[PDB]
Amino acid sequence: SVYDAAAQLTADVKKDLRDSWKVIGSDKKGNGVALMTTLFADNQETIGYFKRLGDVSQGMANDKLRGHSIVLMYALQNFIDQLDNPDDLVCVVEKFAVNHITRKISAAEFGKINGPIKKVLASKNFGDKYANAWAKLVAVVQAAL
């Protein structure tokens, strides 16, 4: 269940998530847009899903992409803040899962974000240990999709 996946994030996984988030979550505009542009660059097939944001090649200058990228980073902030209470983490994961289920985003397609996350972490010198920790948090949302 989502709860099982949540309940299995360990003390050192939560430590790696919090420690990397202190750095990548400090600049939400910069790192949020960096995440979205790496998604569109490496996975060009997803661009069509983001038609509401207009022309995503514009990057930072596209006001709708910048607004979306900041709000996504607050969704991750929320996740990081609920780590010690699985019941609260589960009801916010399920709320964001419904936002993607209505856009017909499958668990497999949602997991395409792991590549971008790994790349943004690597730019701040957080290696594979941290990327693996973040893949465990993404898998909690995948359990809901």
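So that there is no doubt, residue numbering starts at 1 and follows the sequence shown.
Here the stretch with the larger average CA B-factor, out of 65-73 and 86-94, is 86-94.
Comparing the deposited coordinates for 74-82 and 101-109, the stretch with the larger average C-alpha B-factor is 101-109. Across 114, 44, 38, 26, the entry's maximum B-factor at the CA atom is seen for 26. In this PDB entry, residue 16 carries a Cα temperature factor that places it within the lowest third of its chain's modelled residues. The PDB entry assigns residue 33 a C-alpha temperature factor belonging to the lowest third of its chain's modelled residues.
Residue-level temperature factors show residue 2 in the highest third of its chain, judged at the C-alpha atom.
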